[PDB]
Structures are given as structure tokens and as C-alpha cells.
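Shown next, in C-alpha cells, is the structure this report addresses.
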Amino acid sequence: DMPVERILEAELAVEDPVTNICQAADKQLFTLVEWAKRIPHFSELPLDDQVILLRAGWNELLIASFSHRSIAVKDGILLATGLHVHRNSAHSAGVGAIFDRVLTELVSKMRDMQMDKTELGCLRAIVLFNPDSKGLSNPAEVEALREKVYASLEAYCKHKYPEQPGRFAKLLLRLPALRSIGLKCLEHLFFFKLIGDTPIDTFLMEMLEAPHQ
Amino acid sequence: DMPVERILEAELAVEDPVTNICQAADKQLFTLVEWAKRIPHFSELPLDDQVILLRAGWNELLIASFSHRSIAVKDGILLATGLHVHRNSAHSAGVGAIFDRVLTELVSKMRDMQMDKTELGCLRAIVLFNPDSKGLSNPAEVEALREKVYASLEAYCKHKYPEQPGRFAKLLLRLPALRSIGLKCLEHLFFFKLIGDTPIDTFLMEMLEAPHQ
Amino acid sequence: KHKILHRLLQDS
Amino acid sequence: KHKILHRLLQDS
Ligand SMILES: CCCOc1cc2c(cc1\C(C)=C/C=C/C(C)=C/C(=O)O)C(C)(C)CCC2(C)C
Ligand SMILES: CCCOc1cc2c(cc1\C(C)=C/C=C/C(C)=C/C(=O)O)C(C)(C)CCC2(C)C
């Protein structure tokens, strides 16, 4: 079973600008662990597979969360620390292009379709249950969980938004953008560490340990 | 209108190993233009938007095609030139990791679910009609075309495979893997050109012209 | 200016 | 061996 009520409850329970962004991301990695523990059946996976899924998905999972948090912000994002990052500030820090991708491909699209927190939570749970993550002890088990999430999400969409038959597909089709943006953010983070001019806290730093890609 | 019969017809109409792969990719870029012209309404987009969509999607579109072509091949892919590339050969050429991602995340998954050519064609048309492509004169127009493709694909899946309610979602959820793999292949191609030890033909080389990313 | 792609798209 | 993540996952 994979009830969307549990997924929403998980969202509601966890309810240099680049330095501020790194500080917020490290903070939210702790909260991400507590969120995942609230997603049905995640905690019943083998401990090493829980590690794999979170190491593989953390950047997309965090991006989805702060993007949805920012749907009412104009030309900016709300960090979990209560700070706002304006697109002019991101641009002034040398990360304007990828920041604009988040605003254009994620935040604005979430705003335009009024993606709700149940839908957000379900998309994040799909990202979490990534059966292509390398090293999983039982990929089919993770694929089965992803399939239960999407089945539940579609039923929710069809019941709450029956006038929008394409809505379920529209939600899923933000995931390629999320994957591209997540990959680019990781590239930036490896550069920040290489140059050494940006503090990176311990949990964020641990995500940079091998394995990579 | 966006009938899946036209999309299938488009597929059927176009029905150092790294050097062999580069030669095949250049050859298939010409065929990709002829395929796109056969996808309903693509040719009615402004010429500059046709250019944008193909420049943005060529690598994912070609990867999807040779992956589906290879579903009956064991541990390898069939190039459009009639050559087979075995995973041992890819490994012996220094590109084993990304080759294995194609086999594992795309070819095997297409084989496991017996993805058919209508479904392949529809997924490629969704990739083609990418409304996030930078520079489009009318993104909403491209988004509308993508929505017509997915609506048609879902109806096809529900009619042909009614016993598999999750099949439409399962097809869409190979697109994040396709996007990641496509991005990695492009990274390799820029390296091949930088080192200069791998011939790159004119159409493939033109895809490397700016703009990038 | 993407010479080959334009030529292939514009033709019949 | 991903020290922080393991410790946070294993606890109550
Ligand atoms: C962390 C550093 C590398 O990862 C990132 C780098 C960047 C970004 C995000 C992340 C990620 C992956 C997560 C951020 C999470 C936060 C900030 C969550 C929150 O507050 O709830 C955005 C905001 C798109 C701006 C561009 C750069 C390249 C600086
Ligand atoms: C072209 C060179 C950069 O793009 C690629 C590079 C690579 C690959 C594919 C592509 C792409 C994007 C397309 C290939 C199309 C073909 C070969 C089509 C066909 O015959 O119909 C695979 C096969 C995954 C092996 C790994 C490397 C890195 C060598």
C-alpha cells in the first residue's frame, strides 16, 4: 500500500549567496533523512539501500522542495534558513544561468499548474525510489515501490483534478528537467570544493565522497 | 490532432568502436531530420524553432532509437551502419561505464516491458517537442504539441495493454534516465573533439557549435 | 548559424 | 563509508 495521505504528512512534517545556499542545503540534508523515514516502506529497505537512494537523490529531492516553496516568490527562491535569493543576486555570484533554469523549468511551471503538496510529495517519493541507482541489493523492490507511488499519484490526480486529464503526465514530465538541473548543480558543487573559496559543511561534504555519478 | 498511426509511420519510414559510433551518429543525424519532418505539425513550426528542437534533442533521440533497435541483442548495441558494438568492445575503448548505463537503464528496460515501436515513436516525439529548449519563439506551442503526443500515447497504451495500467507512466519514467545518459554522451563527444584522436564528421561537428547546454 | 541543419529542414 | 548518513538512518 502507498497512501498519498502518508506522503502529504511527510511533506507537512518537514514544512556570497552561494555560501547561504550551501548552508541551507546542508541543513536540509538532515531534514531529508527524516522525510524519507516518513515515506511508507522506505525504512523497511535494507540500510545500505536507504543510503544509496538518498545519496543518489538528495540534490533532486532538495531542488524540488525549495522550488515548490518558492512558487509565490517573484524572480527568486526561499531558502530553508528563511533567506531569499533573488535572481539578480544569483547572477551577481556567477551562477545566474543555472538559477534561471530552476526559475523557468521548475518554479514557474509548478506555479502555472498550481502543483499541490500531495503532488510534490509523490514526485519526490518517485525520485527517492530510483531503481536505477547503482549498487541496490534489490532493484526490483525499489521499482515496485516507485510503481505504487505513481499509481497512487495518478488516482489522486484523477479524483482531485478530473477536468485535467493530462495532469498526471505533466507532473511526471518535469522529472527530466529536474534530473538535468540536479546534475548541473552537482557539477557546480564539485567546483566550489575544488576552488576552496566556499565553505561546505560536513553532511554536504559527505555527499561528495565516492562513489559519484 | 496527433494520431499515433503517423508517429509509427515515421518510425517505420526511417527503419576504435568510438569512431564507428561517431560515424553512425553522423549518418543518423540526416535520417533524424527526415523523421522529424514526418511527425505531425513539426514542419509547421517556425524554421528556427525546428532547428532549436533538433539541436536540443538529437542525442536523446538517437540514443532512444539505437537502444530500441538493440532489444534482441545480448550485451551490445546495433549501429545504424549494420555494425554491432559489444559491451566488452566498449569497455576496451574506455567508454564502458556509460555504455553499461545504456544497456541497463534503457535497452534491458525496453526489452523487459516489450516497448513497441508506436511507444518508442511517441516517446521520441515527446523528447522532440521539448518546450524547455532555450530560444523557442513560442514555447507554449511546443508544449501543446507535447501534450497532444502524450494524450495519444496514453490512449494507445490503455487500448492495446489494458491489463497494464501503469504502462504509460513506466514509459514516461525512462525519460530522466535518457536525459542523464544523453548529457553524459555529449560530455564524451566534447572530449573526443578536444583530444582530436577521433574523426567527427560534419553534421555531428555542427551539433557541437554554440549554443551549448 | 547551423548551416547543414537549416538546408536539410528547408528542403521538400 | 558515509558516516553521518548511516548514523541518522539507523536511529529511531
Ligand atoms: C548546495 C550546493 C550545490 O547544490 C546546489 C547548487 C546551486 C543551487 C542548488 C543546489 C542544490 C542541489 C540544493 C540546494 C538546496 C537548498 C538551498 C535547499 C533549501 O533551502 O531548502 C541553486 C539554488 C539552483 C543555485 C545554483 C547553485 C549552483 C549555487
Ligand atoms: C556520437 C558520439 C557522441 O555521442 C555518443 C557517444 C557514445 C554513445 C552514444 C552517443 C550518441 C549520443 C549517439 C549515438 C548514435 C548512434 C551510434 C546511432 C545509431 O547507430 O543509430 C554510446 C553508444 C552510448 C557509447 C558511449 C559513447 C560515449 C561513445
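All ligand and atom numbering here is 1-based and tracks the order in the structure. Quick note on labels: first sequence line is chain A, next is B, and so on, each numbered from 1. Only this structure's heavy atoms are used, side chains among them; waters, hydrogens and symmetry mates stay out.
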Begin from the C-alpha positions of B:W35 and B:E11 and carry the test side chain to side chain donor-acceptor pair (under 3.5 Å) through to its verdict.
-> CA-CA 7 Å; B:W35 170 82; B:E11 291 295 319; 2.9 Å; yes

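Atom numbering of ligand 1 starts at 1 in the shown order; those under 4.0 Å from a heavy atom of A:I21 are 17 (C). Applying the 4.0 Å criterion to heavy atoms of A:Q28 picks out, from ligand 1, the atoms 19 (C), 21 (O). Atoms of ligand 1 found under 4.0 Å from any heavy atom of A:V102, numbered from 1 in the order shown, are 24 (C).
The N/O atoms of A:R69, backbone and side chain alike, include one that comes under 3.5 Å of an N/O atom in ligand 1.
The closest protein non-hydrogen atom to atom 13 (C) of ligand 1 is A:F66 CE2, 3.9 Å. Scanning all protein heavy atoms for the shortest distance to atom 20 (O) of ligand 1 gives A:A80 N, 2.7 Å. Scanning the protein heavy atoms around atom 2 (C) of ligand 1, the nearest turns out to be A:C22 SG, 3.8 Å. A:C185 SG, 3.9 Å is the protein heavy atom nearest to atom 7 (C) of ligand 1. For atom 1 (C) of ligand 2, the closest non-hydrogen atom on the protein side is B:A25 CB, 3.4 Å.
The main-chain N or O of A:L78 is found under 3.5 Å from a side-chain atom of A:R69 such that the two form a donor-acceptor pair.
Ring geometry for B:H212 against B:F190 counts as perpendicular: the plane angle is over 60°, on a 0 to 90° scale with 30° as the lower cut. Between B:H84 and B:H86, the angle of the ring planes lies from 30° to 60°, which puts this pair in the tilted group.
Heavy atoms of A:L79 found under 4.0 angstrom from ligand 1 belong to the backbone as well as the side chain. Residue-level proximity to ligand 1 for A:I77 is carried by the side chain, the only part with a heavy atom below 4.0 angstrom.
With rounding to the nearest 0.5 Å, the separation of CG in A:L145 from NE2 in A:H41 is 6.5 Å. Summarising the geometry, atom OG belonging to A:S108 is positioned 11.5 Å from atom CD1 belonging to A:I71; distances are rounded to the nearest 0.5 Å.
Between A:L186, A:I63, A:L78, it is A:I63 that holds the heavy atom closest to atom 11 (C) of ligand 1. Looking at B:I200, B:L189, B:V14 and measuring to atom 3 (C) of ligand 2, the nearest heavy atom belongs to B:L189.
Side chains of B:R111 and B:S70: no donor on one and acceptor on the other come within 3.5 Å. Checked by atom type, the side-chain pair B:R38/B:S43 shows no donor-acceptor distance below 3.5 Å.
Not a single protein heavy atom sits closer than 4.0 Å to atom 27 (C) of ligand 1.
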